[PDB]
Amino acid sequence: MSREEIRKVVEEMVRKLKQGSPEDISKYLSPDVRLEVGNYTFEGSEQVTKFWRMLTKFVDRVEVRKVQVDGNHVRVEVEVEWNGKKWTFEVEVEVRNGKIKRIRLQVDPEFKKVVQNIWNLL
């Protein structure tokens, strides 16, 4: 595991919402990747990829404010601009064997409703 290398994969994944092409996401992801946000859990690359894809809809501008890399676990704070409003959420990522094993996502109360409907709509 390489600290500089680990930081790139998390940052590049986060970065490619506003920019790049959606569904580009999957290459970083391991096959059994799961994403957790609150009570909800998403399983498999497709589902996690799709989530991310769906999440981009509410992202015009994405900005990574700060990063912490501890062991194989990365913690990121990111700020997103959607139609003139700014909201901040944190992603915590565990990387195993050079591939993402698990993603845990923390979002603002206001955005919980949004997340819930992505869960239903998925």
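When you see a residue number, it is the position in the sequence shown, counting from 1.
- Once the C-alpha B-factors are averaged per stretch, 13-21 and 98-106 rank with 13-21 first.
- Mean CA B-factor, 83-91 versus 31-39: the higher value falls on 83-91.
- Highest C-alpha temperature factor among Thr56, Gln47, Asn72, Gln68, as the PDB entry reports it: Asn72.
- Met1: CA B factor in the highest third of modelled residues in this chain (values from the PDB entry).
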